[PDB]
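What follows is one structure encoded as structure tokens, with my remarks underneath.
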Amino acid sequence: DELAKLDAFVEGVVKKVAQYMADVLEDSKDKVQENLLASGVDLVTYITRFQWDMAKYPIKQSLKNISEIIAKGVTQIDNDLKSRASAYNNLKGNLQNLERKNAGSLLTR
Amino acid sequence: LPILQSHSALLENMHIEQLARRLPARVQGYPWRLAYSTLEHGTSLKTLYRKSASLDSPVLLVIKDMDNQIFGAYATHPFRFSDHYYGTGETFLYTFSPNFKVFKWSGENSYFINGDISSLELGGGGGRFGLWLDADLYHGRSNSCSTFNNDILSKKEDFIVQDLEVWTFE
Amino acid sequence: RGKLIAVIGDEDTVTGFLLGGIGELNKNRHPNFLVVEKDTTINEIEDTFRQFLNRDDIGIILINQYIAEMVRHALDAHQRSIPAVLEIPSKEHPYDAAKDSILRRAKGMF
Amino acid sequence: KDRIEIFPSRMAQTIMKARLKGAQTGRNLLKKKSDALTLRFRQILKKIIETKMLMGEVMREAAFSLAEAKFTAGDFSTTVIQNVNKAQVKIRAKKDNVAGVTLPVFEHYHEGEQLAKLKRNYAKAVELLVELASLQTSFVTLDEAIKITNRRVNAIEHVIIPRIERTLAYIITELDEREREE
Amino acid sequence: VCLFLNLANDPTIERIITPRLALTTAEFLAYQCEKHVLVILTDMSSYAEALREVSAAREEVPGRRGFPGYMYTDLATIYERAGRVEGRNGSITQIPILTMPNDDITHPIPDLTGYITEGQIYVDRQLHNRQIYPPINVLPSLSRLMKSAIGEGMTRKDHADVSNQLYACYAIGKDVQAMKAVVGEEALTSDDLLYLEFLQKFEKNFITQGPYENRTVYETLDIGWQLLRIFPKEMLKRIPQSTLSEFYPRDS
Amino acid sequence: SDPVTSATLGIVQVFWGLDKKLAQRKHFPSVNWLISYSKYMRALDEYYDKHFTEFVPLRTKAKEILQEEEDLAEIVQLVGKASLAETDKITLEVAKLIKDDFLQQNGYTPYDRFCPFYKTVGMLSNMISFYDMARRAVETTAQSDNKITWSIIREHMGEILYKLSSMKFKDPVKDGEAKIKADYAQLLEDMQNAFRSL
């Protein structure tokens, strides 16, 4: 049960940090997909050649302890994305609002 | 590109460049905040634990001895009291000898970090420690330990701390 | 086993703090709460408060502040710290801040 | 009585001097205990009023949630007040310790969509009620402990120390009288 | 060393003579042979015992608390055979050693000695029972002429500052240690925990010494700085920023 | 106080003082261990170094425990014990073990009519070994979700407390040096095994 819930969270986080990278890069899905990578190789290569990363997620921990390591790491990334995305989006929003006041009526320009 | 610290009295742009290139993906691009410094918070191991007790992120130990040689460790978990070893294999020891060298985990055993009430130590493999510091942060020792397969981190196996900093990535 | 949150007040304020899955009737079938209907005698309010205030089932009593002002005689006389008595709001009323029988100990300090 | 009724001797001087340091030490340690109890007390006072400010929000929102849930469903209050039975949400009684005083506190535990929004908003509200009740029952207990401690400090300063000092002065006087007789 | 021994079963008039032979030798060595002399007089309470015994043989009436009425004049005749004098390079310094009955400082012997001499160093039964040596308590101890002994060209420039800051931290640490059992250590501030760490390290490193261990004033001052470095320099209220700038950091 | 005592203390190298609190609590021998003294200890420490080696540390630690508890015994009259830390409760309760099961001695019963020095060092060695391990268990479990208390140690180790309090009953007329040492050494192993089982 627990891993089945946890997977449906980490998939959500991976999709958020990829979706937001397309928005920050502004252009197109293909140009982003060309640069979706793990360890410096494309997703197909990484999933095909998987070897367990026992520096990060140690093999001799209990299955419950490994679960909590992976949950804490992905939780931190979800939080730090939220902060970094808020902080950058505000600049873009406010700068467009100044352009909307270079534009607009003589009554508000 | 040289990373965004809030200060440092031990390190220099020679050391910050060479360190920022080695730290794990887990901290690449974070600003470095000073958690503890013997030169600002007063010199004791109880203070180093007390200042580290609120953290939940990696730290960089930096030491300067009475020969002015800089060395330390990057540690995946805060320095805290423990009855058993803790930390994970991204932990490493480093030394400016005067070349920058880094001794990443060998794969041999999981003896990364430990902390008694009266000393703090990193590494293992027999009676060996890669780094050991006393309750006063006065005496310390380094030997080759099989967790990292390090050289002697100081000029001498037994050293005296001139000053010490702990940075954290927050 | 635990402890219960007793309630005295308007019928909606007795439905609130109950719909959350809260409050029982004990072995004597006496409920954890009373509705103050518009004709309720001041005795029925203070005597039901006195019954909840001396029942081992209970840890907290919630009382609308306008009826806490009616039971003000027995209520401010409660010097014990065993149960808590809370002078809660109602839809029709100012919120719980003023007069409070416990808070008023700090008579120049809040 | 003005004095402690020991009989004049160098042994009595030794005893009364020991008592005087004991009482002056006891005073100063109990004054410290009063400051320690007072610090926690004024902190939980600020948390009492701050919990009450949060109650001034969420109880209104829960009452609104009940009005909206009733507007959605027709009513609940006619039925659920009569249909009383076993309950799933309750309190555990709990303790804390402060300068050797024990303070009472409480812990919350479990044993149309407007009704679900309602249940969440009343859950928020009762967590503030458990919080306030904990702080207030602690505060009442702690107020009494401050009053008791201050009463002891005043008794050591105004009843006990003067009685020892009068006794000590009498002993020092009678030893000079015995010496003049000799 | 010149050594004069009077045993507990020697004639008691030799005990009256002993301080006077000693100080007559110190006066020759200091004011004629130009030496700096330290005179140690061991158990003045054993001298006062014999002084009372001579007075009783003269059939004189016992004075106050049993001792002779002139005992102030008699002690002052021993103690004031001391000091520097104009035109001579020698000097006499004295350390009278005393034993107090019932550990009571108000007895005539320690009382009258306090009106003639200029300080006291105080040996403590609680430090002795905790197995510390030397068991000297620095709180009731005082040297009244200390300001004239210490400082630049006579010891080191920081001695006046370091002595005052160590005393302050020891006094505060003793107060925190007393309240720790009243409130429990979980009630203590981070500031209180620095003082309670200083207290334990002061008594182990500074006060405790070997009976065959010899420290210069410089080892004494340097052990002082190793303990003051427990605190952030902004907590060192008694030390001026000029002294802290030169001495607080560890040197290479 | 009096002139005969005052004159005597100027001369004698050892003084043993009575405590009326011990005598009126029928604790024997009723000697006060805080006003008494001996000035021979530096002369004897070379004999203890030659013949025992361990005893000088034990004597030292026992006097520390007995003095540290005498300050706690003043403060608990004000605060009623509640504030006291577990290391310090450990220190109260072991001080009592020393007072009742080492310093107390029945003068008429055959097993304690004369306590030889190999029995004397054996008893105290075990009590100080208990103090170290019991205090270490509390201190090592500070800053932790599981924290050891005197009550936990008392619940886990009641047989070791019963054996420690019973160490006095060994009779040097009935049992030889080898048996009395082996019995005390087995208790030291029972202590270590109990602490290793915690």
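Listed in order, the protein sequences are those of chains A, B, C, D, E and F. So the first sequence is numbered by the working numbering: it starts at 5 and just counts up by one. So the second sequence is numbered by the working numbering: it starts at 422 and just counts up by one. So the third sequence is numbered by the working numbering: it starts at 165 and just counts up by one. So the fourth sequence is numbered by the working numbering: it starts at 4 and just counts up by one. So the fifth sequence is numbered by the working numbering: it starts at 1277 and just counts up by one. So the sixth sequence is numbered by the working numbering: it starts at 155 and just counts up by one. Where is the CB? At the ideal position from N, CA and C, for every residue including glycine.
(1) Classify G493 of chain B as helix, strand or coil using the three-state DSSP reduction.
(2) Roughly how far, in whole angstroms, is the beta-carbon of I573 of chain B from the beta-carbon of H560 of chain B, given that I think they are within contact range, below 8 angstroms?
(3) Give the DSSP bridge partners of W588 of chain B, in chain order.
(4) Assign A336 of chain F to one of three DSSP states: helix, strand, or coil.
(5) Closer than 8 angstroms, Cβ to any Cβ of chain E: which residues of the region 201 to 218 of chain F, in chain order?
(6) Classify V168 of chain F: buried if its beta carbon has 16 or more other beta carbons within 10 angstroms, exposed otherwise.
(7) Closest to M273 of chain C by C-alpha separation, out of D:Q85, D:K35, D:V104 and D:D146, would be which residue?
(8) Give every residue of the same chain whose Cβ lies closer than 7 angstroms to the Cβ of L1418 of chain E, excluding the five residues on either side of it in the sequence, and list them in chain order.
(9) Smallest Cα separation from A332 of chain F: which of F:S320, F:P264, F:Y272 and F:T162?
(10) Can you list, in chain order, the stretches of the alpha helix (DSSP H) that have 4 or more residues and sit fully within the region 200 to 277 of chain F?
(11) Closer than 8 angstroms by beta-carbon distance: list the chain C residues that pair up with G59 of chain D, in chain order.
(12) Since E1325 of chain E is in the alpha helix (DSSP H), which residue starts that stretch and which ends it?
(13) Is residue 354 of chain F helix, strand or coil when you go by DSSP?
(14) Should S320 of chain F be listed as close to the ligand MN, given that the test is whether its C-beta is under 7 angstroms from any heavy atom?
(15) Report the CB separation of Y532 of chain B from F513 of chain B in whole angstroms; it is logged as a contact under 8 angstroms.
(16) Might you give, ordered along the chain, the residues of its own chain that have their beta carbon closer than 6 angstroms to the beta carbon of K1311 of chain E, omitting 5 neighbours on each side?
(17) Beta carbons nearer than 7 angstroms to chain E: which residues of the region 252 to 274 of chain F have them?
(18) Could you list which residues in chain C have their beta carbon closer than 9 angstroms to that of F109 of chain D, in chain order?
(19) Identify which residue in F:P211, F:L163 and F:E240 has its Cα closest to the Cα of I306 of chain F.
(20) Which residues of the region 34 to 48 of chain D have a Cβ closer than 7 angstroms to any Cβ of chain F? Give them in chain order.
(21) Please determine, among B:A430, B:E586, B:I424 and B:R447, the residue with the shortest C-alpha to C-alpha distance to residue 2 of chain A.
(22) Quick check: the region 1466 to 1479 of chain E against the region 109 to 117 of chain D, are at least 3 beta-carbon pairs closer than 8 angstroms?
(23) Taking the straight line between their C-alpha atoms, what separation do you get for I172 of chain C and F181 of chain C?
(24) Around the C-beta of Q229 of chain C, are 16 or more other C-beta atoms found within 10 angstroms, so that it is buried, or is it exposed?
(25) Going by beta carbon distance, what residues of the same chain come within less than 7 angstroms of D1434 of chain E, once the five residues before and after it are set aside?
(26) Determine the extent of the beta strand (DSSP E) in which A248 of chain C is found, giving its start and end residues.
(27) Can you check whether the CB of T464 of chain B is closer than 8 angstroms to the CB of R1505 of chain E?
(28) Grab the span of the beta strand (DSSP E) containing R244 of chain C for me, first residue to last.
(29) In this structure, does DSSP put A42 of chain A in helix, strand or coil?
(30) Roughly how many whole angstroms lie between the Cα atoms of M1422 of chain E and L1297 of chain E?
(31) Spatial neighbours of residue 277 of chain C within its chain, please: C-beta separation below 8 angstroms, excluding the five flanking residues on both sides.
(32) Taking C-beta to C-beta, are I209 of chain C and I224 of chain C nearer than 8 angstroms?
(33) Contact between the region 133 to 148 of chain D and the region 232 to 251 of chain C is defined here as three or more beta-carbon pairs at a separation below 8 angstroms; is this criterion met?
(34) Where DSSP assigns a beta bridge to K167 of chain C, which residues make up the other side?
(35) Under 8 angstroms, Cβ to Cβ, is there at least one residue of chain F near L171 of chain D?
(36) Any Cβ of chain H within less than 8 angstroms of the Cβ of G1449 of chain E?
Result, derived from the coordinates:
(1) Numbered from its first residue, the second sequence carries residue 493 of chain B at position 72. DSSP places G493 of chain B within a strand segment (E or B) once states are collapsed to three.
(2) Taking the first residue of the second sequence as position 1, residue 573 of chain B is located at position 152. Taking the first residue of the second sequence as position 1, residue 560 of chain B is located at position 139. 15 angstroms between Cβ atoms; not a contact.
(3) Against the second sequence, residue 588 of chain B aligns to sequence position 167. Paired residue(s): B:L455 and B:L481.
(4) Working through the sixth sequence from its first residue, we reach residue 336 of chain F at position 182. DSSP, read as helix, strand or coil, puts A336 of chain F in helix.
(5) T214, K217 and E218
(6) Here residue 168 of chain F corresponds to residue number 14 of the sixth sequence, with the count starting at 1. That one is exposed.
(7) The residue labelled residue 273 of chain C in the question sits at position 109 within the third sequence. The residue with the shortest Cα to Cα distance from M273 of chain C is D:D146.
(8) The residue you call residue 1418 of chain E lines up with position 142 of the fifth sequence. For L1418 of chain E, where only same-chain residues beyond five positions count, the Cβ hits under 7 angstroms are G1395 and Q1396.
(9) Residue numbering aside, residue 332 of chain F sits at position 178 when the sixth sequence is read from its first letter. When each option's Cα is compared against that of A332 of chain F, the closest is F:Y272.
(10) 209 to 233 and 240 to 252
(11) By 1-based counting over the fourth sequence, the position of residue 59 of chain D is 56. Simply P253, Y259, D260 and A261.
(12) Taking the first residue of the fifth sequence as position 1, residue 1325 of chain E is located at position 49. Unbroken alpha helix (DSSP H) run through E1325 of chain E: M1320 to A1333.
(13) With chain F running from 155 to 352 in the structure shown, residue 354 of chain F is simply not present.
(14) No copy of the ligand MN appears in this structure; indeed no ligand is present at all.
(15) Working through the second sequence from its first residue, we reach residue 532 of chain B at position 111. Working through the second sequence from its first residue, we reach residue 513 of chain B at position 92. With a Cβ gap of about 14 angstroms, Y532 of chain B and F513 of chain B do not count as contacting.
(16) Residue 1311 of chain E sits at position 35 when you count from the first residue of the fifth sequence. Excluding positions up to five away in sequence, the list reads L1305 and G1366.
(17) none
(18) In the fourth sequence, counting from the first residue as 1, residue 109 of chain D sits at position 106. The contacting residues are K167, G223, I224 and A248.
(19) For the purposes of this step, residue 306 of chain F is taken as the residue at position 152 of the sixth sequence. Residue F:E240 is the option with its Cα nearest to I306 of chain F.
(20) none
(21) Examination of residue 2 of chain A is not possible in this model, given that chain A is present from 5 through 113 alone.
(22) no
(23) In the third sequence, counting from the first residue as 1, residue 172 of chain C sits at position 8. In the third sequence, counting from the first residue as 1, residue 181 of chain C sits at position 17. Using only the alpha carbons, I get a separation of about 11 angstroms.
(24) The count along the third sequence starts at 1 and reaches residue 229 of chain C at position 65. Buried.
(25) Looking up residue 1434 of chain E in the fifth sequence gives position 158. Once the five neighbours on either side are set aside, the close Cβ partners of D1434 of chain E are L1497, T1519 and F1523.
(26) Counting from 1 along the third sequence, the entry for residue 248 of chain C is found at position 84. Segment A248 to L250, the beta strand (DSSP E) holding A248 of chain C.
(27) Against the fifth sequence, residue 1505 of chain E aligns to sequence position 229. Against the second sequence, residue 464 of chain B aligns to sequence position 43. Taking 8 angstroms as the Cβ cut-off, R1505 of chain E and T464 of chain B qualify as a contacting pair.
(28) Residue numbering aside, residue 244 of chain C sits at position 80 when the third sequence is read from its first letter. Looking at the DSSP string, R244 of chain C is not in any beta strand (DSSP E), and its letter there is neither H nor E.
(29) Taking the first sequence and counting its residues from 1, the one referred to as residue 42 of chain A is at position 38. Reduced to three states, the DSSP call for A42 of chain A is strand.
(30) Along the fifth sequence, read from residue 1 onward, the residue named residue 1422 of chain E stands at position 146. Along the fifth sequence, read from residue 1 onward, the residue named residue 1297 of chain E stands at position 21. In a straight line, the C-alpha of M1422 of chain E is about 29 angstroms away from that of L1297 of chain E.
(31) Residue 277 of chain C lies beyond the range of chain C shown here (165 to 274); nothing can be said about it.
(32) Here residue 209 of chain C refers to the residue found at position 45 when the third sequence is read from its first residue. Here residue 224 of chain C refers to the residue found at position 60 when the third sequence is read from its first residue. Contact flag unset, no.
(33) yes
(34) For the purposes of this step, residue 167 of chain C is taken as residue 3 along the third sequence, with counting starting at 1. Paired residues: D:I94.
(35) Taking the first residue of the fourth sequence as 1, we reach residue 171 of chain D at position 168. So, not an interface residue.
(36) Structure shown: chain H not included; protein chains present are A, B, C, D, E and F.
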